[PDB]
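Engineer: The structure's right below; bear with me while I get my questions together.
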Ligand SMILES: CCC1(C)CCCCC1
Ligand SMILES: CCC1(C)CCCCC1
Ligand SMILES: [Zn+2]
Ligand SMILES: [Zn+2]
Ligand SMILES: [Zn+2]
Ligand SMILES: [Zn+2]
Ligand SMILES: [Zn+2]
Ligand SMILES: [Zn+2]
Ligand SMILES: [Zn+2]
Ligand SMILES: [Zn+2]
């Protein structure tokens, strides 16, 4: 807890600056970018789009993103390093497993999984020597038996290293409650855990029950909305029909309840996206042309106009991410 | 149909020699070997075990294997090339999709998939320039909607290039019938298709219905048996309780019915195996210490002793694979 691992090495806590805690360079599948780069036009075109996007984000004040792409999201840490160097934006990489693990992962024990997460945190990802600074896990409703092993192994890895855990939920099923019970049964401190996609729900009794016990709350999909996309079912099912304003007002709600130190904010944006319908990226880019700059350009001014102070917003976008990311057992 | 693509380039039909048509260097998942080589001891240990295994196979008469590992079996063509060069055994690589495609594949159209298979056949796998010489597909019972797209795209790729298709079935559900109907609805010639795992069933009415219409029959798992593995459920569910002799006698049955030109024989062996329970490889290696040499060392003498001629066996192990692998629309 003097240093956070990024794809270009250790940085100090003050270097992190304004940090987006849930993003993706590319939302894909393991091996997919190497096997089928033309899906994205080309590898070089994906690089360029990401570099330009991160440069716009940097010009709006962003200094670091946490790329929460796992193995099964097709995380390519060389791609991340390349993009990070060209855009002059720090990128923290992730270990863990999301919702699409292949058989070679799904057949593993809790102990085996813990070894895998530990490898990626303590030694390096693949042969790159790049180390993950965060562990990403997932459920979508009631955990499957394998997802329970994942959550346990994430807890064990976090307990050995101090690196935080961040989660994918189906927020309407209140999955944070089950995630929390499993993490706690392994002895993990809630202050090392972000329950993500929590802006997908308006249930304050769920959000406050998590925050009351010490969890960080990931209000991480603020520009996800299909409002005013006429007759696009696939975009609707992915993005929802709640407005970005509704999502953003959750940030204010939690501040008003005393939880300003526990809120993490992000876009959950990407520059490529192969794990859904073809051309989702173009649909998403039309909905939110600011991409990752959407938080500083649109959300911050919206909240200031609703009465949230500049100091409070800086605490949420700079202090909370540094405190979350800094390795420790108890933050 | 003067040349077959291998992981070290084109070879002529007579160079193929005695060919095992359904094998694996490593049965894994995309990205898995690169991310977690220690699962296999090490990458170098996997290489060594495979080299020694293929050397024993070569000393028993094998000259070529067809590695039917796809993308989602974690096919690593550089690993295959390395092993092939050190063992002096030709390896044909595969494209297609088996039973574990990730989301980035499962969301694709028939046209998109056809482009992907065509890439791997006509251009190269990843950035290696190595081209697949066969297309591998799979069902396990009634095809899912995505598996139907896979089978169609395999047919389309085969129709453009002449490269054959080979299949995984759940033979007890007679999946070959549905596979055949889909391939035929795309216009594919049965003489370009091997219906694999066909030695998993004793149903002659199923096997002959496929052979009668021109399909090749993959009797490809001959040493798979859990007989005399006391109380090992996982090995039993994978390997079955029919003896290798029972499987091998299917070769004789089809010869006796007039189908000697349509039989392809293999072990469906591997040197690493991460997509099942931990230590399956050790269990499998104790059941069949000859590995890929099991066909020439054990099956061939068994069939000669039951009255099959040497010439017939050479036609099955040399001529049928050359005729199957040689690119053409109608073999
Ligand atoms: C103490 C919380 C506060 C009044 C500070 C400024 C941001 C909005 C709420
Ligand atoms: C014509 C088929 C045959 C009598 C030849 C030798 C192998 C066994 C059957
Ligand atoms: Zn998610
Ligand atoms: Zn507690
Ligand atoms: Zn939603
Ligand atoms: Zn995400
Ligand atoms: Zn199979
Ligand atoms: Zn026909
Ligand atoms: Zn069986
Ligand atoms: Zn196989």
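Following Swiss-Prot, chain A shows residues 34-364, kept in their order.
Per deposition record, X-ray crystallography, 2.1 Å.
Note that Cβ sites are derived from N, Cα and C of the backbone, with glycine treated the same way.
What Swiss-Prot shows for this protein is this:
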- A:55, A:57, A:169, A:301: Zn(2+) 1 binding site (BINDING)
- A:169, A:201, A:230: Zn(2+) 2 binding site (BINDING)
- A:169: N6-carboxylysine (MOD_RES)
Engineer: Determine the minimum-neighbour residue: among A:55, A:230, listed as binding-site residues, which Cβ has the fewest other Cβ atoms within 10 angstroms?
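Structural biologist: Sparsest of the binding-site residues A:55, A:230 by Cβ contacts within 10 Å: A:230.
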Engineer: Among A:55, A:169, A:201, please name the binding-site residues whose Cβ is nearer than 6 Å to ligand 3.
Structural biologist: A:201
Engineer: What other residues of this chain sit with their CB within 8 A of the center of the CB atoms of A:55, A:57, A:169, A:301, the recorded Zn(2+) 1 site?
Structural biologist: A:56, A:99, A:100, A:101, A:102, A:199, A:201, A:229, A:253, A:299
Engineer: If you count other CB atoms within 10 A of each CB, which of A:57, A:169, A:201 wins among these binding-site residues?
Structural biologist: A:169
Engineer: For Zn(2+) 2, what surrounds A:169, A:201, A:230 with a Cβ no more than 8 Å from their Cβ centroid?
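Structural biologist: These residues sit around the Zn(2+) 2 site: A:55, A:101, A:131, A:170, A:171, A:199, A:200, A:202, A:229, A:251, A:253.
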Engineer: Determine, to the nearest whole angstrom, how far the Cα atom of residue A:57 (Zn(2+) 1 binding site) is from the Cα atom of residue A:201 (Zn(2+) 2 binding site).
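Structural biologist: Distance (Cα to Cα, whole Å): 13 Å.
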Engineer: Across all the protein chains here, work out how many other Cβ atoms are within 10 Å of the Cβ of residue A:301 (Zn(2+) 1 binding site).
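Structural biologist: Looking across every protein chain shown, the total is 23.
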Engineer: Taking just the CA atoms, what is the gap between residue A:230 (Zn(2+) 2 binding site) and residue A:301 (Zn(2+) 1 binding site) in Å?
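Structural biologist: Between the Cα atoms of residue A:230 (Zn(2+) 2 binding site) and residue A:301 (Zn(2+) 1 binding site), the distance comes to 9 Å.
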Engineer: List the Cα distance (Å, whole number) between residue A:201 (Zn(2+) 2 binding site) and residue A:55 (Zn(2+) 1 binding site).
Structural biologist: 10
Engineer: Could you tell me which three-state DSSP class residue A:201 (Zn(2+) 2 binding site) falls into?
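Structural biologist: In three-state terms, residue A:201 (Zn(2+) 2 binding site) counts as strand.
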